[PDB]
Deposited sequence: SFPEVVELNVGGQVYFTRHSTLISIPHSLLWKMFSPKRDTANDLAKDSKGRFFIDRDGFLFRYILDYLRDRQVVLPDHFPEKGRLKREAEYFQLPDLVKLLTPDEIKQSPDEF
């Protein structure tokens, strides 16, 4: 795996360090990068691309600040459940 991982999450392109994916043990992204690829060779994640932005920031800071009047807290909580990030699930409840 390269140091800088190029991801396609349901159509949205994200770039992150390999270490970041590794950061939470026993999470889904940790299990994934201890693979499906798009036409451009990027690693594919079949999830909502817009909400991944906040999943990625939680992996970076082990905490996430949301935009003011964020209407998708519930949807983000479901994404957190899928990515097996229980502490993030707890923060959203």
Residue ranges with no C-alpha coordinates, please: along the deposited sequence, counted from 1, in order.
1, 36-43, 103-113
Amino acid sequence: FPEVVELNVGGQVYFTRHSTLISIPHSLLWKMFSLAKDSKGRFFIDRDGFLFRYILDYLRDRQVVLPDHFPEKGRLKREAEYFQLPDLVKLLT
From here on, numbers count along this sequence of modelled residues.
What stretch has the higher average Cα B-factor here, 21-29 or 73-81?
21-29
Comparing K37 with the other modelled residues of its chain, is its CA B-factor in the lowest, middle or highest third?
highest
